[PDB]
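**Q** Protein chains in written order, with the entry's author numbering: chain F2, 56 to 329; chain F3, 56 to 370; chain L3, 1 to 98; chain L4, 1 to 98; chain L5, 1 to 98; chain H3, 14 to 112; chain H4, 14 to 112.
Structure incoming, see below.
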Amino acid sequence: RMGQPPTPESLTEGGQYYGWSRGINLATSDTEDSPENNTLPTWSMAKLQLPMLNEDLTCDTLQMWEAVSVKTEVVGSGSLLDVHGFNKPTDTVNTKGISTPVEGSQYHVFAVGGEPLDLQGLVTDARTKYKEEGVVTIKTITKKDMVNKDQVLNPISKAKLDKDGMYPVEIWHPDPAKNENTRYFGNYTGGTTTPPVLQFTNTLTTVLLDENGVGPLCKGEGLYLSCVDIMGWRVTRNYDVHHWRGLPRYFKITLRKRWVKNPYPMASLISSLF
Amino acid sequence: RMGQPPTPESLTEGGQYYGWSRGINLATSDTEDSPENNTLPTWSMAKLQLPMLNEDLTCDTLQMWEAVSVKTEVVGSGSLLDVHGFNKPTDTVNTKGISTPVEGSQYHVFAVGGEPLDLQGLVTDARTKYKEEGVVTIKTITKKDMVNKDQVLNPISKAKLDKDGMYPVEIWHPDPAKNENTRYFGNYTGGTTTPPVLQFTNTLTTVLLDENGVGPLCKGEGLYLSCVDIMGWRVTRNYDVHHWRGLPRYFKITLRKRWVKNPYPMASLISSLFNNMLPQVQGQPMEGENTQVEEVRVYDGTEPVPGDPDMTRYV
Amino acid sequence: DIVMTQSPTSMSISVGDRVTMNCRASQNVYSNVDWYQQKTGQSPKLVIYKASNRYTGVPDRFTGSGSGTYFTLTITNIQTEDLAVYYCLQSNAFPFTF
Amino acid sequence: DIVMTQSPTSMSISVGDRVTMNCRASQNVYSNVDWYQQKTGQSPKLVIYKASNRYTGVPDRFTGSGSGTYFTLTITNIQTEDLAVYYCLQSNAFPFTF
Amino acid sequence: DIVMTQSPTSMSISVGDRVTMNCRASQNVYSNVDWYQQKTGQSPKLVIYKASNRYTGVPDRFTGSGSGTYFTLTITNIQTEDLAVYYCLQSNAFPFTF
Amino acid sequence: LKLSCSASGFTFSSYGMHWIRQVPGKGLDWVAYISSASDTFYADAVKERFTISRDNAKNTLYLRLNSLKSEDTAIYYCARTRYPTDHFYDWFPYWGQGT
Amino acid sequence: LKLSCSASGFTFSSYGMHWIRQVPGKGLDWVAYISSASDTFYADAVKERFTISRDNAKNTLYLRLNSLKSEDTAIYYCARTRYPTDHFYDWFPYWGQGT
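Following this line, the structure appears as structure tokens:
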């Protein structure tokens with residue numbers, strides 16, 4: 056979910072940028088930045104609601120799910136071998152050759168957890184004016200404006216990943232301090248013509264356990280998957296408009312049932328009454 | 056098998072692009088895309104038919120092959136050191152220097168399995184008009200057109216790798232959800248002048264076992280090998296036509312014989328008999344989209360009288 | 001908002017002569033300036049787009065030049081069909097101003 | 001299909017004079033426009049290929065110019081061997097049109 | 001083998017006048033064409049190498065131009081020391097032909 | 014109070030459309046703009062009153078007027094940008110007829 | 014009903030060949046095209062009737078005509094592209110004689 060929403064299904068509204076961003080329009084001066092929400096790649100999230108399990112309240116304990124391992128894979132690398140089409144050609148002096156493939160800054164993050172990903176706000180210039188609708192920024196959560204400390208690290212610009220497609224990846228990064236029931240992996244590769252690189256495999260798997268051998272216990276009963284897979288840009292022909300590109304990510308989570316200690320004194324419901 | 060088929064054997068029809076693509080012709084407008092099947096690199100597949108093995112039907116079990124390991128290697132890397140020839144030179148202002156070697160987007164996939172590779176359809180713009188003959192696209196399998204969901208992931212745009220040279224690699228990618236009796240490895244490297252990189256070795260081998268220690272059991276009796284090895288492009292001189300290049304891949308599969316449990320109750324052949332004499336019924340939809348089966352419940356033992364008889368995930 | 005000021009408010013000239021009308025913008029517009037011709041009773045026709053090119057069908061007497069803060073439109077030999085009003089438009093930030 | 005419209009349907013001129021014939025295309029053809037000369041009774045000879053170059057053997061009086069939607073072919077000093085019909089052809093998408 | 005055909009077989013002209021001799025090749029020679037001058041009784045002197053440059057010591061009246069299939073050598077104002085035969089040579093594939 | 018600008022001959026939803034008004038003696042005056050990915054940009058003196066929109070699959074702009082219309086009256090043209098981009102600045106050469 | 018265009022002096026199978034017809038008073042009119050990797054592109058008004066082909070090792074085009082030939086009659090030329098590419102747009106300078 057990077058820019059163009061999936062709702063206008065017809066491939067005539069714009070050529071159906073679903074899977075791509077809508078464009079990019081640089082600032083007109085130092086202070087004038089309005090990034091037009093359908094331009095910003097955002098976080099993808101989903102929550103699989105697992106069933107209820109046993110409870111053993113006669114002596115305090117409880118059963119809950121436990122994400123033991125994960126096989127993930129970005130699907131659709133070979134589709135970037137589409138070198139026909141109306142993109143900027145490789146020989147522009149004659150407008151001939153190859154329609155340049157997807158290149159540029161890449162950003163691959165995924166995260167498997169028992170509770171939504173905790174995010175932290177960082178930005179380039181904090182004078183950027185993001186729209187106040189359809190997107191979640193640092194002003195939406197800290198009701199005041201953005202300050203200079205939001206350019207480096209503000210321990211008050213925190214959030215969760217509850218929504219989907221609303222937290223742009225250029226503002227909200229996975230929180231290192233907070234995430235305890237979440238294993239997140241990521242990597243960024245900047246540049247302007249950096250060739251993409253992907254590897255897919257049926258075999259190798261990630262282990263989500265920690266040094267105590269637990270792994271994300273699914274709180275409530277849900278299991279939260281989050282991801283962002285930005286593969287580069289696409290330079291059109293009339294001007295150098297620079298739509299983003301993103302590929303889907305396949306998750307396969309292996310979970311089991313673990314006996315834990317019930318934290319809350321459920322008798323405290325009388326306190327709720329009180 | 057990337058573009059030019061191997062049939063016109065004479066090296067005079069075009070200079071014999073066997074091993075290469077035929078060309079590349081960019082779209083003429085936003086909506087006009089006709090990629091000309093001999094331009095699209097496609098999947099290579101082959102099936103080695105192994106013999107029959109023992110059956111022990113007196114007590115249910117069965118013997119079948121089992122791909123234990125594989126040594127693979129792309130043959131012909133050094134051939135890209137052919138730097139004479141009529142390609143775009145390295146110094147175009149004088150048309151002198153070196154005829155630029157093969158560079159560009161590379162795509163190396165191989166797969167060893169007991170059944171054909173399951174593929175999933177993804178594309179760049181779904182307004183591309185692929186020819187409706189000699190190639191298999193998402194329209195050939197889902198008889199309708201291509202929709203926007205085919206640009207990201209449509210769980211209905213699935214296929215197998217039965218044919219060979221007909222499934223272009225820009226549409227059909229190995230399915231992560233489906234492939235269970237198949238081990239596939241791959242890697243893609245984009246760009247426009249990305250230098251190719253290959254390593255070959257007589258020694259190191261891949262292991263095709265899984266976490267239970269089984270490895271692909273050859274169903275039927277065949278063993279299915281699939282591959283695609285795109286090494287880059289080749290820029291000709293008159294215009295910047297951009298033929299692809301692909302190198303063959305050598306497989307060496309080590310298999311053994313494993314005793315398994317015979318899944319099918321071969322007595323069910325009488326059912327086949329009962330399925331042959333009984334008519335072919337139309338009936339009313341009882342399975343699928345408009346199913347007319349309200350509910351199905353299976354009772355097995357004797358549980359005590361429950362309270363609310365349907366209490367599950369609370370949300 | 002950017003304000004575009006044109007120096008010749010009204011210039012009287014004959015056929016075969018040269019005219020040059022200039023435009024100054026408050027802030028910097030890099031090369032995004034268009035030159036529109038409007039004859040009385042018609043929709044304004046585009047003449048010189050992006051301050052340096054001639055739209056299709058426009059003769060070779062029209063010339064757009066300049067970049068930054070000072071743009072200019074020049075006609076070497078006037079024609080009878082060149083008797084119209086001429087505006088310059090900045091299309092470099094919103095809102096656009098003529 | 002792209003439609004090419006030429007402005008001079010028939011131009012009467014003498015030797016030593018200048019002529020300019022223009023062509024407009026419905027959609028955009030970047031630089032793929034050819035200029036063909038046909039004398040009565042001969043196969044059409046190519047004159048100006050790709051809208052900016054002179055084919056071999058064609059004299060220096062012929063000139064092709066333009067790009068996009070408006071192309072033009074110019075002759076500075078006519079010759080007696082320049083008394084033929086002249087077509088412009090877009091070769092930028094299929095089907096080709098003259 | 002490539003065959004080079006020159007259009008002026010023999011041209012009579014005076015001093016101070018302009019001459020242009022052209023050459024056509026059967027196949028394509030990109031820019032590898034040399035222009036040789038031979039006065040009777042001397043080894044052929046090089047004049048214009050690679051079809052676009054003047055060899056050292058050659059005056060500024062000589063000019064080589066063209067590329068591909070049609071090459072040309074031009075002299076603006078003839079000199080008395082320019083009364084020699086002139087050949088064009090393709091050096092682009094073997095065997096070389098004059 | 015609700016304008017309309019029907020267009021034909023191209024793909025309507027791929028281009029950006031401006032509304033420009035001209036008072037017959039005061040010259041031209043820009044009003045509004047809507048791009049292919051519909052996002053409205055208005056002029057400073059008309060921000061809260063006008064609302065420019067487009068309705069794809071019917072090929073019509075809708076400049077819903079002030080709903081007050083106190084001091085705004087002029088010839089209202091529509092203009093289409095030259096290229097089918099998401100670039101906001103595209104030197105619209107295809108003006109309307111006027112209303 | 015079945016044309017023929019014999020060619021000599023080059024490698025026939027490496028070039029793209031067009032068929033262009035001219036009605037003596039209506040000017041020139043493009044008909045069809047076949048490229049080195051034989052793939053046929055026809056004109057809009059002649060799509061289903063003509064079939065252009067080439068037969069390598071004999072160096073001949075074959076524009077199998079309408080099989081009806083109701084209202085199509087003109088001088089039919091063949092043309093060869095300039096360079097031996099798989100680029101479809103190559104400004105054919107080598108026209109035939111006519112038929």
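Even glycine gets a Cβ: it sits at the ideal position worked out from N, Cα and C.
1) Please tell me whether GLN90 (chain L3) and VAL3 (chain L3) are closer than 7 Å, where the distance is taken between their beta carbons.
2) Work out the CA separation of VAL296 (chain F3) and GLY159 (chain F3) for me, nearest whole Å.
3) Could you name the residues of the stretch 34-66 of chain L5 whose beta carbon sits closer than 8 Å to any beta carbon of chain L4, in the order they occur along the chain?
4) Any beta carbon from chain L4 within less than 7 Å of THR94 (chain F3)'s own beta carbon?
5) For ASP85 (chain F3) versus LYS184 (chain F3), is the C-beta distance shorter than 7 Å?
6) Could you check where the alpha helix (DSSP H) with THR195 (chain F2) kicks off and where it finishes?
7) Going by DSSP in three states, residue 429 (chain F3) sits in which element: helix, strand or coil?
8) Could you have a look at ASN80 (chain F2) and say whether DSSP puts it in helix, strand or coil?
9) Residues of chain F3 with a CB under 8 Å from the CB of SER154 (chain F2): which are they?
10) So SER327 (chain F3) is in the alpha helix (DSSP H); what residue range does that whole segment cover?
11) Who are the neighbours of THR69 (chain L4) on chain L3, taking C-beta pairs under 8 Å?
12) Please tell me whether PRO95 (chain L4) has its Cβ less than 7 Å away from any Cβ of chain C.
13) Mind checking who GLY168 (chain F3) pairs with in its DSSP beta bridge?
14) With which residues is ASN22 (chain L4) paired in a DSSP beta bridge?
15) Leaving out the 5 sequence neighbours to the left and right, which residues in its chain are closer than 6 Å to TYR46 (chain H3) when beta-carbon positions are compared?
16) Could you pull out every residue in the same chain whose Cβ sits closer than 6 Å to the Cβ of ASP42 (chain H4), ignoring the five residues on either side in sequence?
17) If we cut at 7 Å on Cβ distances, does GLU91 (chain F3) have a partner in chain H4?
18) Pairs of beta-carbons, one from the stretch 122-139 of chain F2 and one from the stretch 302-315 of chain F2, closer than 8 Å: are there three or more?
19) Going by other Cβ atoms of all chains shown within 10 Å of its Cβ, with 16 needed for buried, is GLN104 (chain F2) buried or exposed?
20) For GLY270 (chain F2), tell me which candidate among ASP219 (chain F2), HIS139 (chain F2), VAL123 (chain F2) has the shortest Cα-Cα distance.
21) Over the uninterrupted beta strand (DSSP E) stretch that includes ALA51 (chain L4), give me the two end residues.
22) In three-state DSSP terms, what is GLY159 (chain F2)?
23) With 7 Å set as the bound, which would you pick, yes or no: does the beta-carbon of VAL148 (chain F2) sit closer than that to a beta-carbon of chain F3?
24) Among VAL157 (chain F3), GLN339 (chain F3), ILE193 (chain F3), whose alpha-carbon lies nearest the alpha-carbon of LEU253 (chain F3)?
25) Would a C-beta distance cut-off of 7 Å place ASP219 (chain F3) and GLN175 (chain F3) closer than the cut-off?
26) Measure from the alpha carbon of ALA51 (chain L3) to the alpha carbon of each residue in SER21 (chain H3), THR112 (chain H3), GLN110 (chain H3), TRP104 (chain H3), then state which is nearest.
27) Spatial neighbours of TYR96 (chain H3) within its chain, please: CB distance less than 7 Å, with the 5 preceding and 5 following residues excluded, ordered by chain position.
28) Would the beta-carbon of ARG77 (chain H3) fall within 7 Å of that of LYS39 (chain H3)?
29) What span of residues does the beta strand (DSSP E) with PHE255 (chain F2) cover, start to end?
30) Could you check the C-alpha separation between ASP1 (chain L5) and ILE48 (chain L5) for me, to the nearest Å?
31) When burial is assigned at 16 or more other CB atoms within 10 Å of the CB, is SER17 (chain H4) buried or exposed?
32) Of all the CB atoms in chain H3, is at least one closer than 7 Å to the CB of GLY78 (chain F2)?
33) Measure the Cβ-Cβ separation of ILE193 (chain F2) and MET201 (chain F2) and say whether it is below 7 Å.
34) Assign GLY287 (chain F3) to one of two classes, buried (16 or more other C-beta atoms within 10 Å of its C-beta) or exposed (fewer than that).
35) Taking the beta strand (DSSP E) that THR145 (chain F2) belongs to, which residues open and close that run?
36) Using a Cβ-Cβ cut-off of less than 8 Å, list which residues of the stretch 38-69 of chain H3 approach chain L3; keep chain order.
**A** Taking the definition as stated:
1) For the 7 Å CB-CB criterion, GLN90 (chain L3) and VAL3 (chain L3) do not form a contact.
2) If I take the Cα positions, the gap works out to 13 Å.
3) Against chain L4 - using a Cβ distance shorter than 8 Å - the stretch 34-66 of chain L5 contributes no residues.
4) The Cβ of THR94 (chain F3) sits no closer than 7 Å to any Cβ of chain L4.
5) No, Cβ-Cβ distance for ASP85 (chain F3) and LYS184 (chain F3) is not below 7 Å.
6) Its alpha helix (DSSP H) spans residues 193-196.
7) A question about residue 429 (chain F3) goes unanswered here, because the residues of chain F3 that appear run from 56 up to 370.
8) In the three-state scheme derived from DSSP, where H, G and I count as helix and E and B as strand, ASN80 (chain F2) is classed as coil.
9) Within chain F3, the C-beta atoms nearer than 8 Å to that of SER154 (chain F2) come from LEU81, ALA82, in chain order.
10) Counting along the chain, the alpha helix (DSSP H) containing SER327 (chain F3) begins and ends at 324-332.
11) Chain order gives the chain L3 residues near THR69 (chain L4) as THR56, where near means a beta carbon separation below 8 Å.
12) Reference to chain C is not applicable here, since the protein chains of this structure are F2, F3, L3, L4, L5, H3 and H4.
13) The partner list for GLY168 (chain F3) (beta bridge, DSSP) reads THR237 (chain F3), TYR279 (chain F3).
14) Its beta-bridge partners are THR72 (chain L4).
15) Excluding positions up to five away in sequence, the list reads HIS31, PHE54.
16) Counting only Cβ-Cβ distances below 6 Å, and skipping sequence neighbours, we find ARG34.
17) Yes, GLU91 (chain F3) lies at the interface with chain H4 (some Cβ there is under 7 Å from its Cβ).
18) By the Cβ criterion, the stretch 122-139 of chain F2 is in contact with the stretch 302-315 of chain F2, since at least three pairs of Cβ atoms, one from each stretch, lie closer than 8 Å.
19) Burial call: exposed.
20) Nearest option by C-alpha distance: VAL123 (chain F2).
21) Unbroken run through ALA51 (chain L4): none, as it is neither H nor E.
22) DSSP places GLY159 (chain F2) in the coil class of the three-state scheme, outside both helix and strand.
23) No, because no Cβ of chain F3 sits closer than 7 Å to the Cβ of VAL148 (chain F2).
24) When C-alpha distances from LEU253 (chain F3) are compared across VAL157 (chain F3), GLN339 (chain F3), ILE193 (chain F3), the shortest belongs to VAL157 (chain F3).
25) In this structure, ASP219 (chain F3) keeps its C-beta atom at 7 Å or more from the C-beta atom of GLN175 (chain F3).
26) Shortest Cα-Cα distance from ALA51 (chain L3) to any of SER21 (chain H3), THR112 (chain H3), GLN110 (chain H3), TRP104 (chain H3) involves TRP104 (chain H3).
27) Cβ neighbours of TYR96 (chain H3) beyond the five flanking positions: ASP103.
28) Here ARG77 (chain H3) is not near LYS39 (chain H3), since their CB atoms are 7 Å or more apart.
29) Bounds of the beta strand (DSSP E) holding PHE255 (chain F2) are 252-256.
30) Distance between the alpha carbons of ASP1 (chain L5) and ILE48 (chain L5) is about 22 Å.
31) Exposed: under 16 other Cβ atoms inside 10 Å.
32) Yes, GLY78 (chain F2) lies at the interface with chain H3 (some Cβ there is under 7 Å from its Cβ).
33) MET201 (chain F2) is positioned such that its CB atom lies closer than 7 Å to that of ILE193 (chain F2).
34) The residue is buried, with at least 16 neighbouring Cβ atoms inside 10 Å.
35) From DSSP, the beta strand (DSSP E) with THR145 (chain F2) extends over 144-146.
36) From the stretch 38-69 of chain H3, only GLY40, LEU41, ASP42, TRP43, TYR46, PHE54, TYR55, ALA56, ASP57 have a Cβ closer than 8 Å to chain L3.
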